[PDB]
Each structure stands twice: as C-alpha cells, then as structure tokens.
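Content type mmCIF, C-alpha atoms and all ligand atoms, from the file final.cif:
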data_start
#
loop_
_atom_site.label_atom_id
_atom_site.label_comp_id
_atom_site.auth_asym_id
_atom_site.auth_seq_id
_atom_site.Cartn_x
_atom_site.Cartn_y
_atom_site.Cartn_z
CA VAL A 17 6.66 4.34 -19.61
CA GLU A 18 3.76 6.77 -19.20
CA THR A 19 4.02 9.73 -16.83
CA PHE A 20 0.95 11.31 -15.24
CA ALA A 21 0.30 14.32 -13.02
CA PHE A 22 -1.42 13.75 -9.69
CA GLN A 23 -4.69 15.62 -9.28
CA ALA A 24 -4.04 18.83 -7.35
CA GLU A 25 -5.75 17.56 -4.18
CA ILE A 26 -3.63 14.40 -4.09
CA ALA A 27 -0.38 16.32 -4.67
CA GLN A 28 -1.48 18.51 -1.76
CA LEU A 29 -2.10 15.48 0.47
CA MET A 30 1.27 13.98 -0.40
CA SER A 31 3.12 17.23 0.27
CA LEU A 32 1.37 17.50 3.65
CA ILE A 33 2.33 13.94 4.58
CA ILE A 34 5.93 14.53 3.57
CA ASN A 35 6.37 17.95 5.19
CA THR A 36 4.28 17.89 8.38
CA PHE A 37 6.11 17.07 11.61
CA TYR A 38 4.53 13.85 12.88
CA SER A 39 6.42 11.27 14.94
CA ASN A 40 3.88 8.42 14.85
CA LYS A 41 5.01 7.15 11.43
CA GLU A 42 4.43 3.45 12.19
CA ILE A 43 0.76 3.82 11.21
CA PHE A 44 1.75 3.40 7.54
CA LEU A 45 1.98 -0.37 8.00
CA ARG A 46 -1.47 -0.68 9.55
CA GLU A 47 -2.92 1.23 6.59
CA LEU A 48 -1.25 -0.94 3.96
CA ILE A 49 -2.21 -4.16 5.70
CA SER A 50 -5.76 -2.85 5.92
CA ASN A 51 -5.80 -2.12 2.18
CA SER A 52 -4.51 -5.66 1.49
CA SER A 53 -7.23 -7.12 3.72
CA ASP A 54 -9.87 -5.17 1.77
CA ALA A 55 -8.48 -6.43 -1.55
CA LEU A 56 -8.46 -9.99 -0.24
CA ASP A 57 -12.08 -9.56 0.88
CA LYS A 58 -12.94 -8.52 -2.70
CA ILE A 59 -11.50 -11.58 -4.42
CA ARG A 60 -12.99 -13.82 -1.74
CA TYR A 61 -16.43 -12.35 -2.36
CA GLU A 62 -16.12 -12.67 -6.15
CA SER A 63 -14.98 -16.28 -5.77
CA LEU A 64 -18.15 -17.16 -3.85
CA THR A 65 -20.10 -17.15 -7.12
CA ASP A 66 -17.24 -17.82 -9.55
CA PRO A 67 -14.66 -20.23 -8.03
CA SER A 68 -12.57 -19.94 -11.21
CA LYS A 69 -11.55 -16.44 -10.11
CA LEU A 70 -9.12 -18.27 -7.82
CA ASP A 71 -7.48 -20.14 -10.70
CA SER A 72 -4.77 -17.48 -10.43
CA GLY A 73 -4.07 -18.50 -6.84
CA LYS A 74 -6.23 -20.10 -4.15
CA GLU A 75 -4.31 -18.86 -1.11
CA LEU A 76 -5.47 -15.56 0.40
CA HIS A 77 -2.70 -14.01 2.48
CA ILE A 78 -0.30 -11.16 3.22
CA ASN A 79 3.51 -11.30 3.22
CA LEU A 80 5.77 -8.69 4.78
CA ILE A 81 9.26 -8.76 3.27
CA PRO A 82 12.09 -6.60 4.57
CA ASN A 83 15.28 -6.29 2.53
CA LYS A 84 18.15 -4.47 4.24
CA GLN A 85 20.36 -4.60 1.15
CA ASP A 86 17.82 -2.75 -1.01
CA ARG A 87 16.48 -0.77 1.96
CA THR A 88 12.94 -1.86 1.03
CA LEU A 89 9.92 -3.12 2.92
CA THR A 90 7.47 -4.90 0.63
CA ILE A 91 3.86 -5.75 1.47
CA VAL A 92 2.47 -8.46 -0.79
CA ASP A 93 -1.11 -9.64 -1.00
CA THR A 94 -3.02 -12.09 -3.17
CA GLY A 95 -6.12 -9.92 -3.32
CA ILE A 96 -8.17 -8.93 -6.33
CA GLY A 97 -5.47 -6.75 -7.90
CA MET A 98 -5.91 -3.59 -9.94
CA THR A 99 -6.39 -2.83 -13.63
CA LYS A 100 -4.32 -0.21 -15.46
CA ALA A 101 -7.35 2.07 -15.26
CA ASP A 102 -7.50 1.53 -11.48
CA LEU A 103 -3.83 2.40 -11.04
CA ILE A 104 -4.20 5.69 -12.92
CA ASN A 105 -7.43 6.44 -11.06
CA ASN A 106 -5.59 6.90 -7.74
CA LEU A 107 -4.90 3.20 -7.21
CA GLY A 108 -8.58 2.25 -7.03
CA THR A 109 -9.39 4.79 -4.30
CA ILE A 110 -11.69 7.82 -4.15
CA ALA A 111 -8.65 9.93 -3.33
CA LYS A 112 -9.95 13.31 -4.51
CA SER A 113 -13.06 13.32 -2.31
CA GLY A 114 -11.33 11.33 0.45
CA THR A 115 -8.57 13.92 0.60
CA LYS A 116 -11.16 16.70 0.88
CA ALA A 117 -12.83 14.91 3.79
CA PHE A 118 -9.48 14.17 5.48
CA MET A 119 -8.62 17.87 5.25
CA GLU A 120 -12.00 18.91 6.65
CA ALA A 121 -11.39 16.49 9.51
CA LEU A 122 -7.86 17.70 10.24
CA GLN A 123 -9.38 21.15 10.63
CA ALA A 124 -11.97 19.67 12.99
CA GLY A 125 -9.01 18.67 15.15
CA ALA A 126 -8.30 15.16 13.83
CA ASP A 127 -4.74 13.85 13.45
CA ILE A 128 -2.85 12.08 10.68
CA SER A 129 -3.42 8.64 12.23
CA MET A 130 -7.08 8.84 11.21
CA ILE A 131 -6.15 8.99 7.51
CA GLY A 132 -7.50 5.51 6.73
CA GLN A 133 -11.03 6.49 7.69
CA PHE A 134 -11.05 8.65 4.55
CA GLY A 135 -9.92 6.07 2.03
CA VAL A 136 -6.46 7.56 1.46
CA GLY A 137 -4.42 5.49 3.91
CA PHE A 138 -2.08 4.40 1.12
CA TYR A 139 -0.43 7.82 0.93
CA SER A 140 0.77 7.43 4.53
CA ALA A 141 3.49 5.31 2.91
CA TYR A 142 5.22 8.62 2.26
CA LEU A 143 5.76 9.05 6.01
CA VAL A 144 8.57 6.49 5.66
CA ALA A 145 9.30 6.01 1.95
CA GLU A 146 11.09 8.28 -0.50
CA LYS A 147 9.68 6.23 -3.36
CA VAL A 148 6.86 3.73 -3.58
CA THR A 149 6.46 1.13 -6.31
CA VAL A 150 3.18 -0.72 -6.71
CA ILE A 151 3.08 -3.90 -8.80
CA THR A 152 -0.36 -5.35 -9.46
CA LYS A 153 -2.09 -8.12 -11.41
CA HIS A 154 -5.86 -8.41 -11.86
CA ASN A 155 -7.51 -11.44 -13.46
CA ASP A 156 -7.70 -11.13 -17.27
CA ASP A 157 -5.54 -7.95 -17.38
CA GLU A 158 -1.73 -7.66 -17.59
CA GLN A 159 0.73 -6.98 -14.77
CA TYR A 160 1.47 -3.27 -14.28
CA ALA A 161 3.93 -1.21 -12.23
CA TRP A 162 3.01 2.20 -10.75
CA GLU A 163 5.74 4.31 -9.22
CA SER A 164 6.14 7.69 -7.58
CA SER A 165 8.67 9.70 -5.59
CA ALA A 166 6.00 12.34 -5.07
CA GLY A 167 6.83 15.77 -6.48
CA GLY A 168 3.56 15.81 -8.40
CA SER A 169 3.81 12.87 -10.81
CA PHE A 170 3.67 9.10 -11.11
CA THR A 171 4.54 6.57 -13.81
CA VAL A 172 2.78 3.47 -15.07
CA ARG A 173 4.35 0.80 -17.24
CA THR A 174 3.76 -2.84 -18.08
CA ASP A 175 5.71 -4.90 -15.58
CA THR A 176 8.33 -7.24 -17.02
CA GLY A 177 9.25 -8.49 -13.56
CA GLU A 178 8.39 -11.70 -11.72
CA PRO A 179 4.82 -12.75 -12.62
CA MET A 180 2.61 -12.39 -9.53
CA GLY A 181 -0.36 -14.56 -10.38
CA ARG A 182 -2.87 -12.16 -8.81
CA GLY A 183 -2.78 -9.38 -6.25
CA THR A 184 -0.77 -6.34 -5.27
CA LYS A 185 2.79 -5.71 -4.11
CA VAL A 186 3.68 -2.37 -2.47
CA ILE A 187 7.44 -1.76 -2.39
CA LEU A 188 8.54 0.96 0.02
CA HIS A 189 11.97 2.41 -0.67
CA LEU A 190 12.61 3.71 2.82
CA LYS A 191 14.06 7.06 3.78
CA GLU A 192 17.59 6.81 5.15
CA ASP A 193 16.42 7.57 8.71
CA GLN A 194 13.51 5.09 8.66
CA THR A 195 15.39 1.77 8.53
CA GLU A 196 13.90 0.65 11.86
CA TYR A 197 11.00 -0.63 9.74
CA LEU A 198 13.29 -3.35 8.35
CA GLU A 199 13.97 -4.81 11.81
CA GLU A 200 12.09 -8.01 12.62
CA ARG A 201 11.22 -7.05 16.20
CA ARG A 202 9.96 -3.63 15.12
CA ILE A 203 7.68 -5.02 12.40
CA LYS A 204 6.37 -7.70 14.79
CA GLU A 205 5.62 -5.04 17.40
CA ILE A 206 3.69 -2.89 14.91
CA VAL A 207 1.68 -5.79 13.53
CA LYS A 208 0.74 -7.05 16.99
CA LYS A 209 -0.21 -3.52 18.08
CA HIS A 210 -2.33 -2.38 15.14
CA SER A 211 -3.26 -5.40 13.04
CA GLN A 212 -3.73 -8.21 15.53
CA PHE A 213 -7.16 -9.25 14.24
CA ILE A 214 -6.79 -9.11 10.41
CA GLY A 215 -8.62 -12.14 8.96
CA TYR A 216 -5.82 -13.39 6.72
CA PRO A 217 -2.43 -14.92 7.56
CA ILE A 218 0.35 -12.36 7.80
CA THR A 219 3.80 -13.83 7.31
CA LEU A 220 6.86 -11.81 8.28
CA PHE A 221 9.83 -13.01 6.22
CA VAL A 222 13.29 -13.06 7.76
CA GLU A 223 16.63 -12.36 6.06
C1 LIG A 301 -2.00 0.85 -3.44
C2 LIG A 301 -3.04 0.69 -2.36
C3 LIG A 301 -4.18 1.67 -2.52
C4 LIG A 301 -3.44 -0.76 -2.27
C5 LIG A 301 -4.35 -1.26 -3.19
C6 LIG A 301 -4.64 -2.63 -3.20
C7 LIG A 301 -5.66 -3.11 -4.19
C8 LIG A 301 -6.91 -2.43 -4.51
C9 LIG A 301 -7.49 -3.29 -5.51
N1 LIG A 301 -8.74 -3.08 -6.18
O1 LIG A 301 -6.66 -4.28 -5.70
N2 LIG A 301 -5.60 -4.21 -4.96
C10 LIG A 301 -4.02 -3.50 -2.30
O2 LIG A 301 -4.25 -4.86 -2.35
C11 LIG A 301 -3.10 -2.99 -1.38
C12 LIG A 301 -2.81 -1.62 -1.38
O3 LIG A 301 -1.94 -1.10 -0.44
#
Rewrite the coordinates I just gave you, this time as structure tokens.
Ligand SMILES: CC(C)c1cc(-c2cc(N)on2)c(O)cc1O
Amino acid sequence: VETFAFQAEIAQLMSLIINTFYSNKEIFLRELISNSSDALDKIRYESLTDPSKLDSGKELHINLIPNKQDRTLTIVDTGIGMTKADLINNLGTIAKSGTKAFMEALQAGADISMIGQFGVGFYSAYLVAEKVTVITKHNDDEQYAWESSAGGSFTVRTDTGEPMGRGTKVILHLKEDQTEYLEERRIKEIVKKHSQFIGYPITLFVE
C-alpha cells in the first residue's frame, strides 16, 4: 500500500467541502453520474476506431448499488477506467487548476452546486461520505484501489478484489447522518431530478 499527500489546493478543497455548512448535499450523486457518463463517452469514442477496446465488456452503463448493512452507496460504470498514474494524478482530473477556478468562482458569488463546472465534482462525495474508495480497471493495465478519508492523504494499492473487466467503481462509506442516500425512493428522486437525460442506462439495485 502506497500513501500519498494531496496537493495543498486539493486538501484545501476537501476541507472546505467537509466543513462548510451546505444543506444541498444531494448534488454529489449528479456529479458522480456525470463523471461516469464522461468515462463511458471516452471508451465509446475509442471503440469507434478500435472495436477490440470493448473486448473487456461491450455494455456501456451505470449501476447504483445501495448497501444498508455496509452503509455504502456504490456507483459503478463500465467506462474507460483509469491507470495507476491517473489515480495518483487526482483521479484523471485537472484538480489543481480546477480548484483554483472553483475558488475564484465562489468568491464571485457562486455556490457549491456549481462544483462540476470546474472539473472537481468528484470531491463533492465528501459532502456525504466519511471515506471514499475508488476501484478502477483500464484496458491493458491492472486493477487498482484508491482510498481516502480526507485529512490530507490517500492510498493506492493493487486491487485483489472482484475483477471488474473495465471501468470505475466509486464506493461511498456514508456519514452516520447521511443514510437517506441508501433509500430507494430518495435515490430515484435524485436521479430523476438531476440526471434524467444521461445517455446510458442507469440501474438502481434493490436490497
Ligand atoms: C473518481 C472520479 C473522478 C471518476 C472517474 C472516472 C473515470 C475517469 C477515467 N479516465 O476513467 N474513469 C469515472 O468513471 C467515475 C468517477 O466518478
């Protein structure tokens, strides 16, 4: 297991997300679904010229899996996946510059719900999760697990878990007071409200 420090700007963003009073926490799901859609777009585009890129799975979709026993909500996609280098490099985002721009915008009056416009929507997961685990598999690289409970560091290790084929799984270990996001009707409501027109099937698992 390798442990890394977040860049200062990202630690700052995470602390702000965790410590700022903001009731509209449901936006985290929209941001993660949006990220999954973008990753699915990427593998779709690559497959247009190299159909064999889909050898690792032809179906392009998103699964939402609540687990009340583990107090987790997991968002799974079969998108392009990330390399180890991507994970370390702020999970394939331009988080350093994006954070700067998000900050500049917040000063220009913007609110936290606009976070996705700056390429750092992922970190909104920390509105509802005490810990986030990201499992990912990119074609021709191994499966890796990233994990962080904030506090300035993250870990990366090779994943010995269930082989994914290709794509990304975001596991949200929810805060004790955020278990509404495991309720079927609540997830349905959020998806219908914020993600009604995503171009890939979204399947909400039941328990
Ligand atoms: C963790 C977060 C930023 C995120 C990244 C990817 C992703 C990005 C790439 N290149 O591959 N997979 C994704 O599918 C979903 C996500 O919520």
Handout entry: Residue with smallest distance to ligand LIG 301 (chain A) - pool A:55, A:122, A:81, A:33, counting all atoms listed in the file
Key = A:55
Practice task
Point out the residue among A:45, A:59, A:80, A:98 with the least atom-to-atom distance to ligand LIG 301 (chain A), counting all atoms listed in the file.
Solution key: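 Using all atoms listed in the file, ligand LIG 301 (chain A) sits closest to A:98.
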Exercise for the section: Give the residue list for ligand LIG 301 (chain A) at 9 Å, counting all atoms listed in the file, as a PyMOL selection string, sorted by chain and then by residue number. Expected result: chain A and resi 47-56+58-59+91-99+102-103+106-109+135-139+149-154+162+183-186
Selection from above, C-alpha atoms, as a short mmCIF file (atom, residue, chain, number, x, y, z; two decimals), keeping the file's coordinate frame, can you write it?
data_model
loop_
_atom_site.label_atom_id
_atom_site.label_comp_id
_atom_site.auth_asym_id
_atom_site.auth_seq_id
_atom_site.Cartn_x
_atom_site.Cartn_y
_atom_site.Cartn_z
CA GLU A 47 -2.92 1.23 6.59
CA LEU A 48 -1.25 -0.94 3.96
CA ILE A 49 -2.21 -4.16 5.70
CA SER A 50 -5.76 -2.85 5.92
CA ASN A 51 -5.80 -2.12 2.18
CA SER A 52 -4.51 -5.66 1.49
CA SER A 53 -7.23 -7.12 3.72
CA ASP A 54 -9.87 -5.17 1.77
CA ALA A 55 -8.48 -6.43 -1.55
CA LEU A 56 -8.46 -9.99 -0.24
CA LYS A 58 -12.94 -8.52 -2.70
CA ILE A 59 -11.50 -11.58 -4.42
CA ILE A 91 3.86 -5.75 1.47
CA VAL A 92 2.47 -8.46 -0.79
CA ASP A 93 -1.11 -9.64 -1.00
CA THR A 94 -3.02 -12.09 -3.17
CA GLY A 95 -6.12 -9.92 -3.32
CA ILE A 96 -8.17 -8.93 -6.33
CA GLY A 97 -5.47 -6.75 -7.90
CA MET A 98 -5.91 -3.59 -9.94
CA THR A 99 -6.39 -2.83 -13.63
CA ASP A 102 -7.50 1.53 -11.48
CA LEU A 103 -3.83 2.40 -11.04
CA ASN A 106 -5.59 6.90 -7.74
CA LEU A 107 -4.90 3.20 -7.21
CA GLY A 108 -8.58 2.25 -7.03
CA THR A 109 -9.39 4.79 -4.30
CA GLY A 135 -9.92 6.07 2.03
CA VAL A 136 -6.46 7.56 1.46
CA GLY A 137 -4.42 5.49 3.91
CA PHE A 138 -2.08 4.40 1.12
CA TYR A 139 -0.43 7.82 0.93
CA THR A 149 6.46 1.13 -6.31
CA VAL A 150 3.18 -0.72 -6.71
CA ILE A 151 3.08 -3.90 -8.80
CA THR A 152 -0.36 -5.35 -9.46
CA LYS A 153 -2.09 -8.12 -11.41
CA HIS A 154 -5.86 -8.41 -11.86
CA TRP A 162 3.01 2.20 -10.75
CA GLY A 183 -2.78 -9.38 -6.25
CA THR A 184 -0.77 -6.34 -5.27
CA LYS A 185 2.79 -5.71 -4.11
CA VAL A 186 3.68 -2.37 -2.47
#
Handout entry: Interatomic distance, atom CA of residue 212 of chain A to atom CA of residue 65 of chain A (Å, one decimal)
Key =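 Value for the atom CA of residue 212 of chain A-atom CA of residue 65 of chain A distance: 29.3 Å.
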Practice task
Grab the atom CA of residue 178 of chain A to atom CA of residue 84 of chain A distance for me, in Å with one decimal place.
Solution key: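 Those two atoms sit 20.1 Å apart.
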Exercise for the section: Determine, counting only C-alpha atoms, every residue of protein, DNA or RNA that lies within 8 Å of (4.1, 8.2, -0.6) in the file coordinates, then give the result as a PyMOL selection string. Expected result: chain A and resi 30+33-34+138-148+164-166
Problem - Counting only C-alpha atoms, the option among A:179, A:167, A:217, A:125 closest to residue 75 of chain A - result: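 Closest to residue 75 of chain A, using only C-alpha atoms: A:217.
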Which neighbours of residue 113 of chain A fall inside 12 Å, counting all atoms listed in the file, when residues of the same chain fewer than 4 positions from it are skipped, and could you give them as a tab-separated table (two decimals) with C-alpha atoms, in the frame of the given file?
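As a result, selection_9.tsv now contains:
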chain	number	residue	atom	x	y	z
A	23	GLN	CA	-4.69	15.62	-9.28
A	24	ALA	CA	-4.04	18.83	-7.35
A	25	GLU	CA	-5.75	17.56	-4.18
A	26	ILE	CA	-3.63	14.40	-4.09
A	29	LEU	CA	-2.10	15.48	0.47
A	106	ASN	CA	-5.59	6.90	-7.74
A	109	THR	CA	-9.39	4.79	-4.30
A	117	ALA	CA	-12.83	14.91	3.79
A	118	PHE	CA	-9.48	14.17	5.48
A	119	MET	CA	-8.62	17.87	5.25
A	120	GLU	CA	-12.00	18.91	6.65
A	134	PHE	CA	-11.05	8.65	4.55
A	135	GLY	CA	-9.92	6.07	2.03
A	136	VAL	CA	-6.46	7.56	1.46
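Among the candidates A:70, A:104, A:161, A:218, the one nearest to residue 177 of chain A when counting only C-alpha atoms is A:161.
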Exercise for the section: Record the distance separating atom CA of residue 156 of chain A and atom CA of residue 21 of chain A, expressed in Å with one decimal. Expected result: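 Separation between atom CA of residue 156 of chain A and atom CA of residue 21 of chain A: 27.0 Å.
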Handout entry: Nearest-residue call for residue 188 of chain A, choices A:62, A:127, A:86, A:158, using all atoms listed in the file
Key =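 Selected residue with least distance to residue 188 of chain A: A:86.
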Practice task
Tell me which of A:189, A:116, A:182, A:38 sits closest to residue 77 of chain A, counting all atoms listed in the file.
Solution key: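 Smallest separation from residue 77 of chain A among the options: A:182.
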Exercise for the section: Excluding residue 199 of chain A and any residue of its chain fewer than 4 positions from it, enumerate the residues within 8 Å of it, using only C-alpha atoms, and give them as a list in words. Expected result: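 In the requested format, the answer is residues 82, 195 and 203 of chain A.
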